[PDB]
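What follows is a short report on a single structure.
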Amino acid sequence: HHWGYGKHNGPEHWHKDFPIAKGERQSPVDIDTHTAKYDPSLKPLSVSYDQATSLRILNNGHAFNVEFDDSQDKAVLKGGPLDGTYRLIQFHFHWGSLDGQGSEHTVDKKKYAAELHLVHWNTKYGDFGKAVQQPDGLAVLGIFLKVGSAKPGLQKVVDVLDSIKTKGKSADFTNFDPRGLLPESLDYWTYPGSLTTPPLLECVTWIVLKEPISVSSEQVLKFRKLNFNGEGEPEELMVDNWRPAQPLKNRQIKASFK
Ligand SMILES: NS(=O)(=O)c1ccc(Cl)s1
Ligand code: NA
Ligand code: NA
Ligand SMILES: [Zn+2]
């Protein structure tokens, strides 16, 4: 037994090994757009990715991670709701078996085909491992994907997936520019939450962009050819690797835009 996204190990089972799954600040949530309040004290988001150094791409049996050098302030997120500098460590996606599902956050109950998470840690805590012991340790930039026209800046990711088909495979992945994954607008919603995979730690300031990016049907079809299993094991397609919306509890979602 190990956690996953199947009938016997999926989100309804996670609380048995990770009791915080039933906690007070779990993610994702539904973003009810009429209940979210504009906050004039929020700042524009500052995304500084010009000096990013990607290193490697890894199939971890749950998703694929594109990893970055986080030993200096090379790719950072400031401003917005944040009171510090947050360094990019990795990005990954969640996606569906069908175009009508796959996102973790929803917007007025609408599901997108996929969701991109750019994961950053607060530099005042020194390393990612210490940051995930803190209530303000992480900031995750979430971006919705809809199916339509292709996203050119995603294609290098699509094309390497053949070399990391199965759990545990990694490949060199240098000189990837994450600026190619952003929409035009940086307008956002924000709320306090958690990692959406075990260990489900309640360390995250979520920043979810209002504008989706559009990717082609062929791009998301290639995500769906990945495998949850290892090489030489029975093939189980890596699809529907999303957690559903969780109770909002005593939280307020704020909007950067009126
Ligand atoms: N899915 S997420 O909350 O971005 C996340 C899961 C594990 C991480 Cl490390 S970051
Ligand atoms: Na509100
Ligand atoms: Na270094
Ligand atoms: Zn995620």
Side-chain angles (χ1 to χ4, degrees), residues 3-5 11 14 18 20-21 23 25-42 51-55 58-77 81 86-95 102-105 107-108 114-123 125-129 131-134 137-145 178 181 189-209 238 240-246 248 251 253 255-257:
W3 74 267
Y5 294 97
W14 293 353
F18 306 93
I20 202 176
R25 65 173 271 198
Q26 290 290 293
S27 296
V29 298
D30 182 57
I31 301 169
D32 187 80
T33 64
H34 292 105
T35 305
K37 183 180 176 59
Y38 170 65
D39 185 348
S41 73
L42 288 170
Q51 296 288 310
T53 296
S54 68
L55 294 175
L58 171 70
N59 177 336
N60 65 12
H62 310 291
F64 62 85
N65 294 344
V66 174
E67 301 160 353
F68 289 78
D69 174 12
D70 65 348
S71 69
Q72 293 181 270
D73 283 321
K74 291 177 172 195
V76 301
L77 186 68
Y86 289 68
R87 277 184 202 166
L88 179 65
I89 182 167
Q90 57 105 319
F91 70 77
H92 62 273
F93 302 79
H94 306 264
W95 62 91
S103 68
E104 295 204 309
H105 295 90
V107 180
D108 296 330
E115 187 174 329
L116 167 60
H117 291 160
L118 296 122
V119 181
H120 312 74
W121 56 270
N122 190 330
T123 64
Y125 302 121
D127 72 67
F128 177 89
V132 301
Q133 300 171 35
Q134 318 302 330
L138 300 181
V140 182
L141 181 57
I143 307 180
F144 297 118
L145 281 58
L181 300 175
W189 298 283
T190 185
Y191 77 96
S194 74
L195 301 176
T196 71
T197 60
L200 301 169
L201 302 171
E202 292 183 335
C203 315
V204 180
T205 301
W206 276 94
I207 301 168
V208 178
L209 297 188
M238 185 180 281
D240 292 319
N241 60 348
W242 52 279
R243 190 190 194 190
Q246 299 302 304
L248 190 61
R251 290 179 289 182
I253 304 180
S256 78
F257 58 97

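The figures that follow rest on heavy atoms only: side chains count, while hydrogens, waters and symmetry mates do not. Counting begins at 1 with the first residue of the sequence. Counting starts at 1 for both ligands and their atoms, following the listed order.
Residue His92 approaches ligand 1 through these ligand atoms, each under 4.0 Å from one of its heavy atoms: 1 (N), 2 (S), 4 (O), 5 (C), 10 (S). Interface atoms of ligand 1 facing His94, defined by a heavy-atom separation under 4.0 Å, are 1 (N).
The closest side-chain heavy-atom distance from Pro11 to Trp3 is not below 4.5 Å. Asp69 is listed as a side-chain neighbour of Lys74, based on a closest heavy-atom distance under 4.5 Å. Between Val204 and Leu195, some side-chain heavy-atom pair lies under the 4.5 Å cut-off.
Using 4.0 Å as the threshold, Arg243 has no heavy atom nearer than that to any atom of ligand 1.
Closest to atom 7 (C) of ligand 1, if we only count protein heavy atoms, is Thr197 OG1, 3.3 Å. Closest to atom 8 (C) of ligand 1 among all protein heavy atoms lies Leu195 CD2, 3.8 Å.
At a heavy-atom cutoff of 4.0 Å, ligand 1 is contacted by both the backbone and the side chain of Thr196. Only side-chain heavy atoms of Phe128 come within less than 4.0 Å of ligand 1; its backbone N, CA, C and O stay farther off. With a 4.0 Å cut-off on non-hydrogen atoms, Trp206 touches ligand 1 through its side chain and not its backbone.
When distances to the Na ion (ligand 3) are checked against a cut-off of 3.0 Å, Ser71 contributes an N, O or S atom below that limit.
No side-chain N or O of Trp189 forms a donor-acceptor pair with one of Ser256 less than 3.5 Å apart. A donor-acceptor pair shorter than 3.5 Å cannot be found between the side chains of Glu202 and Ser194.
Looking at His94, its side chain does come within 3.5 Å of a backbone N or O of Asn241 through a donor-acceptor pair. Remark: side-chain polar atoms of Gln26 are paired, donor with acceptor, to backbone N or O of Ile20 under 3.5 angstrom.
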